[PDB]
Amino acid sequence: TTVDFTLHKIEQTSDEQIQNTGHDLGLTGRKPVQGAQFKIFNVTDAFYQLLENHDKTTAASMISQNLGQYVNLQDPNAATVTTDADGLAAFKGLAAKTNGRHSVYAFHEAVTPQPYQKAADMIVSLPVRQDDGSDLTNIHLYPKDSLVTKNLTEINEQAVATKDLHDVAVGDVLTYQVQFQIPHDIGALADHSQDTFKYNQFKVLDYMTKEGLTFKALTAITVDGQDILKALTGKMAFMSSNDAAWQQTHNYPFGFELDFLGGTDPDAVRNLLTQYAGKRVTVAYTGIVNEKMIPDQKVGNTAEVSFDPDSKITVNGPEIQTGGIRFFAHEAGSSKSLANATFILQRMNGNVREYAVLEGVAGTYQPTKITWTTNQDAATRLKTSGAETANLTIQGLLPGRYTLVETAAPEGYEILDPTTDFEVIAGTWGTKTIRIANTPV
């Protein structure tokens, strides 16, 4: 006589010990995960052999921690079903008894879809008996895939609503957070080994291919509501785009590589991680938007979590972008470029005028920060070049409505209109280059 196992693969974004009854839980209202490949193994003999020296709990635990020690994982006979769009994968018609004992079955996620981490290898020992004193013939399991994620969480230390695209100003500090799971078997030894651990690399690589950000700081590493970073530092390996090391191995203009087990004392780290095994880690860091952040340029990041050199779990973060504007100061009635025309940048703030002060500083302004004052004389005086198509450029601005105010015409000219109202368009230089005419004398 036989038994069926129907699996319900589901997404996990937090810590959650919830027990498998084996009973059908119906509409649980949880996101299913598709494309998880599961293999099943009869471990009844191996289990009962352990059961001579160890209790029931310890036996099942030993098999979970090193399933490939007790079975040939790449067995062609081993029944394999892949999880569908509802997260469903049924293994049917399995022997209820094996060599005179109630059967023990082990389940192993062999291929885990991106960007998930695999479920722990689960062990079921029959029977699973109903409260009416009768065995279940269909056993329902809810294995969990932990979702690797990356978000932009704060801008200038204020929480922002999460979205795929953010508008930034030059000199903004951006807080990012990468989340992932400490493996359930982090502290286990390699299958058939007394002298080598199973895990020898727990790496987080995060970078941007395009320019725009300068690495500021790694702010925290937390798990289980505890700050782990103070304990780790020294014992693990760390590189940032600010370190001369970085340009040796990578050529991304921004990023960091962290390895919990690449440091001076791996084993001490593995110990600490084992204490929080199966739980969710948040690695937080900050970056500063720099003068090389340009308009018409969306720039994102990729984070890669890897446990060996040959594999990785990859996730993309949101893209950021910035505004700019171009002007052309010229002689009324022609296209003669007028250099040395003097302007200040204005905006309204609840029916009050503020004027721009640029920290970084031709006609091309590319500041490192823009602050705002109601003292008009403190405003940065902007000068035009003699360039052809546009002779005043500004970038790193938020989108919205501004006013360019001309405070001195070039020698030999007089101002037509002192004020030019305009609009910075999100992530672009704008509709067109704005022409400003000055009349000669």
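Residue numbers for the sequence shown, in the authors' numbering: 37 to 397, 401 to 480.
Virtual Cβ for every residue (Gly too), placed ideally from N, Cα, C.
| Asked | Found |
| --- | --- |
| Selected residue, minimal CA-CA separation from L177, among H366, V209, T412 and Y141 | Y141 |
| Alpha-carbon spacing of residue 400 relative to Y84, whole angstroms | The model of the chain omits the segment between 397 and 401, and residue 400 is among the residues lacking coordinates. |
| Sufficient close CB pairs (3 or more, under 8 Å) joining the region 425-440 to the region 203-217 | yes |
| Proximity of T211 and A320 at Cβ, strictly below 8 Å | yes |
| CB-CB length for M275 against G299, believed under 8 Å | Rounded, the Cβ-Cβ distance is 12 Å, inconsistent with contact. |
| Assigned secondary structure, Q311 (DSSP; H/G/I helix, E/B strand, else coil) | helix |
| Sheet register partners of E327 (DSSP bridge) | In DSSP, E327 forms no bridge with anything. |
| Backbone secondary structure at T245 - three-state DSSP | coil |
| Pairwise C-alpha distance: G71 and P179 | 13 Å |
| Residue environment, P151, which counts as buried when at least 16 other CB atoms sit within 10 Å | buried |
| Option in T93, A115, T57 and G65 with minimal Cα separation from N78 | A115 |
| Beta bridge counterpart(s) of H138 as assigned by DSSP | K133 |
| For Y235, three-class secondary structure by DSSP | coil |
| Three-way DSSP call (helix, strand, coil) for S370 in this model | coil |
| Local Cβ density within 10 Å of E293, reported as buried at 16 or more and exposed below that | buried |
| For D303, the three-state DSSP class (helix, strand or coil) | helix |
| Helix, strand or coil at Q55 [DSSP, three-state] | coil |
| For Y404, the three-state DSSP class (helix, strand or coil) | strand |
| Cβ shell of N174 (< 7 Å), same chain only, five flanking positions each side left out | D40 and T42 |
| Of the residues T185, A377 and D295, the one placed nearest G451, counting alpha carbons only | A377 |
| Validate contact between the region 180-198 and the region 224-239 using beta carbons, cut 8 Å, 3 pairs | no |
| Coil, strand or helix - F83 by DSSP | helix |
| Cβ contact check for the region 463-479 and the region 356-367: 3 or more pairs under 8 Å | yes |
| Delimiting residues of the alpha helix (DSSP H) encompassing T94 | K92 to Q101 |
| Inter-residue spacing [alpha-carbon to alpha-carbon] between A476 and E462 | 19 Å |
| Spatial neighbours of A132 in its chain, beta-carbon cut-off 8 Å, leaving aside the 5 residues before and after | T37, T38, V39, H138, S139, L162, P163 and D171 |
| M384 burial status per 10 Å Cβ neighbour count (16 or more: buried) | exposed |
| Where the alpha helix (DSSP H) through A280 begins and ends | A280 to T285 |
| Nearest-angstrom Cα separation, counted from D279 out to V393 | 31 Å |
| Endpoints, beta strand (DSSP E) assigned at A156 | No beta strand (DSSP E) contains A156, which DSSP labels as neither H nor E. |
| Delimiting residues of the beta strand (DSSP E) encompassing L431 | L431 to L436 |
| Cβ neighbours of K315 in the same chain (closer than 8 Å, five flanking residues each side left out) | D51, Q217, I218, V259 and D260 |
| 6 Å CB neighbourhood of residue 20 in its chain, flanking five on each side removed | The structure shown does not extend to residue 20, since the chain is modelled only from 37 through 480, so no value can be given for it. |
| Beta bridge counterpart(s) of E145 as assigned by DSSP | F74 |
| Integer Cβ distance of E47 from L183, believed to fall under 8 Å | 5 Å |
| Spatial neighbours of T358 in its chain, beta-carbon cut-off 6 Å, leaving aside the 5 residues before and after | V204, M329, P331 and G435 |
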